[PDB]
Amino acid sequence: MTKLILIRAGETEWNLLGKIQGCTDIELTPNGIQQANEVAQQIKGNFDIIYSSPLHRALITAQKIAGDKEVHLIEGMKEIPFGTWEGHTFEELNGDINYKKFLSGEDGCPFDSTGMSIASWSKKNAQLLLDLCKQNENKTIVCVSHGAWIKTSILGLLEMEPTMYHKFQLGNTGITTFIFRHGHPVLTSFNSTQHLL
């Protein structure tokens, strides 16, 4: 009954460049809008309620999916801040100490100098998503958000070590779904992208 659907925002120019957006409010590419429409077509109108991050790339994606429904903004669902890392590619971060930890597992995998980590964001976002699911018990919930945000959410809900973050790759408009088999969540799909051409 209670079904959770996590959808990554559509494509942006910074995505194509490998440029870390984080909180930077970059707009969709024309292809990123096509992606939003194709994922909107896949979902049809199935969900009961749809939430979104307020960032444009996410919000526009959610509005295509929503069709006639309201899109409920959730600031908490905004992309994880990458701080100083924002504006750079990962290749440029090679001489960063916190990036060396981010990969290794040290200090729960720090996001630059944001004071926060894969470990903290996992607990935090998981707790958010669980509260939403309680709020909408026995409904199908769609949440449109971002790559880091969604990946930490997955680790959080499933209770996975922070270094598992680097073993999941999540695409633009990638569908990731949970159900709750006991009281705990169960992953039913991850990064389903068959709706794209």
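Position 1 is the first residue in the sequence shown; the rest follow in order.
In this crystal structure, the stretch out of 98-106 and 113-121 whose C-alpha atoms carry the higher mean B factor is 98-106.
The deposited model assigns a higher average Cα B-factor to 126-134 than to the other stretch when 146-154 and 126-134 are compared. Each of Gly18, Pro185, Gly22, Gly174 has a CA temperature factor in the record; the biggest one is found at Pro185. Annotation for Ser52: C-alpha temperature factor in the lowest third relative to the rest of the modelled chain, per the entry. Among the modelled residues of its chain, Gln41 has a C-alpha B-factor that falls in the highest third, as given in the PDB entry. Sorting the modelled residues of the chain by their CA temperature factor places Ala58 in the lowest third. Sort the chain's modelled residues by C-alpha temperature factor and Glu79 lands in the lowest third, per the entry. Annotation for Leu93: CA B-factor lies in the highest third of the chain's modelled residues.
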